[PDB]
Every structure is written in structure tokens, then in C-alpha cells.
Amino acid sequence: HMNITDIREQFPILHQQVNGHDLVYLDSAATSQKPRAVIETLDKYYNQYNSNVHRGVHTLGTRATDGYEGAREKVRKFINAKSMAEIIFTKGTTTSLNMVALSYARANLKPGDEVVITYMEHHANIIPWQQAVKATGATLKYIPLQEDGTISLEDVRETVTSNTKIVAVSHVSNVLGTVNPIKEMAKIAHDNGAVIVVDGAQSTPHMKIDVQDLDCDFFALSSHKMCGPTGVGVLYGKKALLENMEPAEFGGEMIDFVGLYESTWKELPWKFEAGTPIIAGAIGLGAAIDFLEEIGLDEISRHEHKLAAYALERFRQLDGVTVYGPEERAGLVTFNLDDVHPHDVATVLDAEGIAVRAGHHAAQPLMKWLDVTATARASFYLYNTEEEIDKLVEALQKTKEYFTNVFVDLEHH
């Protein structure tokens, strides 16, 4: 099994105090921390072999090109795509989903067509579709949720019709922890003549992804949530769909011939990568994938199952706390204390060294569905332990007691 002491030794940032208390970082659904292997990969790139790529002209240029395209093959293997032509490097999940909405949706929707999403989506997998349907005169529809914040395949079958052209859905929700039944939803979409676009930002860092098992048409993910550098992501798309989509950005590197008025494009995947690419960040994401693969995604998923079952049990020990979403879940808990605003919960916890996030988590329609204005969220990854969950629940108990005390004191004035 994975040894959590040995894993934590690899993350320099965990070893410090905040406000006089050891840091307890429980905000990896907002962004993850990085191991030495990734930070030293960036250092070795800038100290030894930085150059621009795809010249084949000089020695450092060749080294940088081999590093960048090597990282593309690491991503391909990591999500079990069939080809490097299906792996496009982007700035992040949000840009990957925008590319699909601009190049696929805006080119393939007409009045009467539908895009189907769900109430639990993150804004990155809502607003691009709102705009693409507005641009095309198509219709946006929402799959409803069950009362525990899961999706039933009967509701999917009801909402998706033979006029649906695109179903877009998260693999795992960054608020509910729900793992959605994507392989079954891809069957339903395809049976109705639609493609499925999967927002993989919260699944890819935490569980194995196999796009040939899922059969998703597009899948998007972000490096900064999976121990890799900021500023980089991937869009996977089945090669036959990418071949027919036009580029979302235009420039150098993605062309073959440029005349005064007309140009032709390079083959995939470079068609979709305009400009000097994100060279160091993509090589660092390759290092993150080597790091996670050496531990094992199934080992990390098993650890997070342990931490989430422990947290849900310990949260049920607290009076006056509501947890949103299903019992079977990814490694996060979003909650509120009955009489304390979640921002004040996050502030008090940060004074005890503990980092969580409060707000809408970029899911305003979901907060409205939950009937709340904001929530607090503790989210876990491979470097967190049950002792840190103990600290969190002990701090929530003291938070409850503190706010009730100030209430009672103020009661006289």
C-alpha cells in the first residue's frame, strides 16, 4: 500500500505553520500541491534544455521538443487514448471545454437541437454551452438530480432526445463528490445521436481514467489539480471528431501553408495548438503523471475512499452540521454549520492552520438547487490523513461552541 508519511515527505509545502499551527491543507479540489519530482522537472527544464519546439535544428531545441511530445505520449497512455492525435494541450479544463463549445457545438447546432447538461455542473461546463446555444438558436436543457445529488439513468433517458446533439456532464462533482455514471450516459447519448463531453477536472487526479471504457467523445482535465504545474490542461477528443472540427485559435505552429488570404492547417494534434506551446508546464504535467502512476491511481482512490468514509462518519458525530450529496463519493465533503456562515467557518479554521474553501464553488445553479447561498468544502488528496480529518472535526466543534458563546454573551448586551 501507499505509505502516507513517505508521500508527504515529497511535498515541501506541507511542512510549515500557518498562524502558529501546523498547516492542514484540505483544499485540493481548488488546487493540488506538488511533489519535488514535478518542481525539479521544471527546474531541470529551465536550467538545462529550454528552447522553442518543433524546429529539429539545434540540440537544446531537439531536447525540448522530445520532452514536450514525450509528455503528450505520457498523457495518452495515462487516459488510455488510442493516439497522440487525440491529446491536445490547452491552458486548462475551462479552455478545453470552451474549444469544444466553439469548434464543435457552434459548428453543429441548429434551431431545434439540444445541448443537455445537469444541475450539478461547474460553470466551466455551463457558460460555454449557454453561449453556444444562444449563438446557434438551439436549446439548453438540464437533467434533474435525485434528492441525494445523484443522477438517475431514467432521468437521463427522459431528458436526452433524438433532437439532442451534445450531452455535457461532470465525471465527479467538485461540490457533491458524486461520481456520475458516464459510461452508461455515453451509451444513452450515442443511442440518441448525440456526442458526450465529459468534464474530468475532479476525476482525473483521483481515479484511473480510461477513455476507451468510458467511450466519451471529449474529455477535459486540468494539470493543477493532479500534482502538475498551473496553466496547463488537456482536451481529449476522438480523432474522427477532431479531424472535422476547425481550430479554435489561429497562428504559427498550427498552419501548413499561409497565403495572403487563405491558410491550411497542420494535422492533429498540432492543428489545435497555435503559438509557442506551454512547453515547461506540459513537461511538468508528464512528471506529475509519472509520479501518480508510480503510486497507482487505484491506490490513491482506495486511500481517498478511506478518508471520505472516515470524514462522513466523523461529521455525523457533530450536532448542527449538514453534509450535501451521496454517501458513496469522491474524497471531499461540502457542508454548512447550521447557524454559522461558511465564510466565517473558513476564517476560524484558517486561524487553526486549516485551509478549506467557502463560497459557491463555481456552481451557482447547484447552490440554488441545494437551497443555500454558500457552503464550506474540505477536499482531500493523496497527502492527507485521518489525523487531519480529526483536526478539522475538532475545529468545527470548537467553531460551533465559539459562535454559540458569542451569541449567548451578546444576548444580554
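Note that residue numbering follows the sequence shown and begins at 1.
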Select between 53-61 and 374-382 the stretch whose C-alpha atoms have the higher average B-factor in the entry. 53-61
Higher avg CA temperature factor (281-289 vs 139-147, as deposited) belongs to 139-147
When the CA B-factors of 91, 72, 224, 187 are compared as recorded in the entry, which is the largest? 187
Residue set 308, 107, 300, 197, per-entry CA B-factor max assigned to 107
Sorting the chain's modelled residues by C-alpha B-factor, tell me whether residue 218 ends up in the lowest, middle or highest third. lowest
Residue 183's Cα B-factor: lowest, middle or highest third of the chain? highest
Residue 233 - which third its CA temperature factor falls in, relative to the rest of the chain: lowest
Residue 76 by Cα B-factor - lowest, middle or highest third of the modelled chain: lowest
Cα B factor band for residue 363 (lowest, middle or highest third within the chain): middle
